[PDB]
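Breakdown of the fold
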Amino acid sequence: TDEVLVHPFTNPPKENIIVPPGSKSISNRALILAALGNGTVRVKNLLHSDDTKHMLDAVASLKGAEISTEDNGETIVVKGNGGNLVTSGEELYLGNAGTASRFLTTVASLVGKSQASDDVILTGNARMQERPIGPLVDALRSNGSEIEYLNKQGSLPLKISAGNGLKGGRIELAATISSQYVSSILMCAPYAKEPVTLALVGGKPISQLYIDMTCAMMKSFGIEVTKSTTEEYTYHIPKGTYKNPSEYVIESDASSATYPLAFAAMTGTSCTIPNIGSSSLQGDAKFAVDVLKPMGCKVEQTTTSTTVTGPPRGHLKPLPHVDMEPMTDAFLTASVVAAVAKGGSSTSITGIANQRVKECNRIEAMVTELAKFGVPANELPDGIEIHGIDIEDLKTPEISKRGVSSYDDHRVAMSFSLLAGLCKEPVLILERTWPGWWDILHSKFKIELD
Ligand SMILES: O=C(O)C1=C[C@@H](OP(=O)(O)O)[C@@H](O)[C@H](O)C1
């Protein structure tokens, strides 16, 4: 963790066009779906990260899916043959890419034998080898997979016997566990022998929006999942093969999009995200229309683009109540916008209890740091209540608590960098995804730093 001193947004540019990096969640799914699909797909706007880099090399190794890059590595070309994969004999090294290991574990259960090997080995580093993966291994074994823990019980490394495939039919999966286990099974379900009924048991899953994103992406690749008539969390997946589209563009990250949009809202300037609109797979795409618009912003949104122009500085309106369940990651951004919407009514955000168990307690972190700016705030039973003030923010002193703590949480720091820009003197962010945001502050918004 490092330090960054954000200078006031003294005279921002009038208009600004920002294309955020691609979504991580969408990037990771697209590579699995393309590897299993039939046809050659050019994947654009992929987010390069631990998952994708390890995923890319893992798919490269398996026989039956070919990976290459074009246009200076910005285009990933995947040619699938319809999911007829065979072992290379190479151990697939996944580092500590948690999502890749969950997705690839079920892919490996589909792989056929070769003369080099009768199995697929999935490995990773020491942190990988402490990650629990039991609930997924249990469900695949229950469906005919043969999986051996090669080191510690319940984690990678895994040896998955090839040539077995998945029986299909009913697969039961506990609902308390990561949605990434559900998603991992959904994407491989069409390749089971028998059509799959994926029934979550033991309660309601928490990250339902990410299950829905997997289903919608599956539909883009030619396979429509259907929900049960009597069970909200039972999914019926046809047997089939994905049809790879000629091109698939990874949506830019709509959560990251909220920070430049909030900048425009908060400075009385204009920001356009030219490739994120109302047809987005991501709930956070609704931030502009469901948060910034009621708060006094002039907002236009087409199916694929979003433009936000804030009201004059100091003129944001409090949003008396907003349910941010469809977009919980954007509540930190909503909170700093609300901090300068003078009331009147407070801004009350509910539906974000799940946001209390992330890197830090983000609700608690937001209340405590807001106090440092002179912004009253308090927790609600289901969220947060912000008592916005005039842009008479507390003037910042040097080397005497000018530090805003980010609690090692990426989003907390980016949110408070916006509020920092509205103060009368520079503000230092302490204990500081999207490294380019700090670059974009200086290159696009032309904000001085350090
Ligand atoms: O499938 C995905 O891409 C994601 C599902 C969620 O995981 P959990 O269901 O474990 O919360 C989310 O927290 C994570 O950031 C990404």
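Conventions we followed
Numbers on residues come from counting from 1 along each chain's written sequence, not from the entry itself, and any residue without coordinates is not displayed. Side-chain measures were taken over the full set of non-hydrogen atoms in the model, leaving aside hydrogen atoms and water. Two aromatic rings, drawn from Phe, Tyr or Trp (for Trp, its six-membered ring), form a pair once their centres lie within 6.5 Å of each other, and the interplanar angle then sorts them: stacked below 30 degrees, edge-to-face above 60, tilted otherwise. Under the scheme used here, helices are H or I runs from DSSP no shorter than 4 residues and strands are E runs no shorter than 2 residues, and both carry numbers assigned from the N terminus. Burial status follows relative accessibility: with a 1.4 Å probe on protein chains alone, a residue under 20% of its type maximum counts as buried, one over 50% as exposed, and anything between as partly exposed. Any two residues whose heavy atoms approach within 4.5 Å are treated as being in contact. Domain limits in this description derive from either an automatic procedure or a database domain assignment. Throughout, buried area stands for the accessible area (probe radius 1.4 Å) lost by two parts on being put together, summed over both. By definition, a salt bridge exists where a carboxyl oxygen of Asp or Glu is found within 4 Å of a side-chain nitrogen of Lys or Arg. Note on residue categories: nonpolar means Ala, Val, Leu, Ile, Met, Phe, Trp, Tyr, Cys or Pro, charged means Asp, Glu, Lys or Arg, and polar means any other residue, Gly included. The near set for a molecule or strand comprises every residue that places at least one heavy atom within 4 Å of it. The definition of a polar contact used here is a pair of N or O atoms within 3.5 Å, where within protein one atom must be able to donate a hydrogen and the other to accept one, and adjacent residues in sequence count solely through side-chain atom pairs. Surface exposure here means Shrake-Rupley accessible area, sampled with a 1.4 Å probe, where a residue is shielded only by the protein chains that are shown. The pairing criterion is simple: DSSP has to find at least two bridges between the two strands.

1. Brief notes about the packing of aromatic side chains
One pass over the structure, following the stated rule, counts nine aromatic pairs. Seen in terms of ring centroids, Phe263 and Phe445 are 4.1 Å apart; in terms of plane orientation they differ by 25°. Their pairing is stacked. Through a chain of ring-to-ring contacts, the aromatic side chains of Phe9, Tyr259, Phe263, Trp434, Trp437 and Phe445 assemble into a single cluster.

2. Section: the environment of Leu136
Following the sequence through the fold, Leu136 ends up in helix α4 (residues 134-142). Residue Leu136 is classed as buried on the basis of its relative accessible area, which comes to 0%. Spatially, the C-alpha atoms of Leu136 and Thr106 are 8.2 Å apart, while their sequence positions differ by 30 residues. Leave out the neighbours within four places in its chain, and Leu136 touches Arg102, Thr105, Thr106, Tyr181, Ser184 and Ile185.

3. Some remarks on α4
For α4, the set of buried residues is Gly134, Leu136, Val137, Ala139 and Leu140. Looking at the packing, one finds that the buried side of α4 touches α3 (98-108), β8 (147-149), β9 (158-161), β10 (168-174) and α5 (179-188). Positive backbone phi, approximately 105°, marks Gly144, located one or two places after α4.

4. Side note on the domain arrangement of the chain
Taken domain by domain, the chain holds domain 1 (1-20 + 252-450) and domain 2 (22-235). Taking the mean C-alpha position of each, domain 1 and domain 2 sit 35 Å from one another. Each side of the interface is counted separately: domain 1 has nine residues, and domain 2 has nine residues. Between domain 1 and domain 2 the total buried area reaches about 620 Å² when both faces are included, carbon and sulfur atoms providing 61% of it. Seen at the junction of domain 1 and domain 2, the total is zero salt bridges. Among the residues forming the side of domain 1 that touches domain 2, the class breakdown is three nonpolar, three polar and three charged.

5. As for the pattern of salt bridges
As enumerated under the stated definition, the model contains 11 salt bridges in all. For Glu379, the salt bridge is made with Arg356, and the minimal N-O distance between the two is 3.8 Å. Of the two residues, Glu379 is situated in strand β20 (residues 377-380) and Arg356 in the loop between β19 (347-350) and α10 (362-372); the sequence distance between them amounts to 23 residues. Exposure remark for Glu379: the relative accessible area of 39% places this residue in the partly exposed category. Ionic pairing is found between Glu359 and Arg362, a salt bridge with its closest N-O pair at 3.1 Å. Using a relative accessible area of 48% as the deciding quantity, one classes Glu359 as partly exposed. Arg362 gets classed as buried once you look at its relative accessible area, which sits at 2%.

6. Thoughts on the site of the ligand
Around the ligand, the neighbouring residues are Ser25, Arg29, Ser178, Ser179, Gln180, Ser207 and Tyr210. Within the side chain of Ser179, an N or O atom sits 2.7 Å from an oxygen atom of the ligand. Between the ligand and the protein, one listed contact pairs an oxygen atom with a side-chain N or O atom of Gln180 at 3.0 Å. Relative to its unbound accessible area of 390 Å², the ligand is 70% covered by the protein chains. Contributing elements (two or more residues each) for the shell around the ligand: α1 (24-36) and α5. Residue composition of the shell around the ligand, by class: one nonpolar, five polar and one charged.

7. Let's talk about the pairing of strand β7 (residues 119-123)
Judged by how many residues are buried, β7 sits mostly within the fold: five of five residues are covered. In β7, alternate side chains face the same way, and those of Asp119, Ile121 and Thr123 on one face and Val120 and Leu122 on the other are all buried. In the sheet, strand β6 (residues 92-93) pairs with β7 via two bridges, with the strands oriented parallel. Note that in β7 the partner of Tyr93 across the bridge is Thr123.

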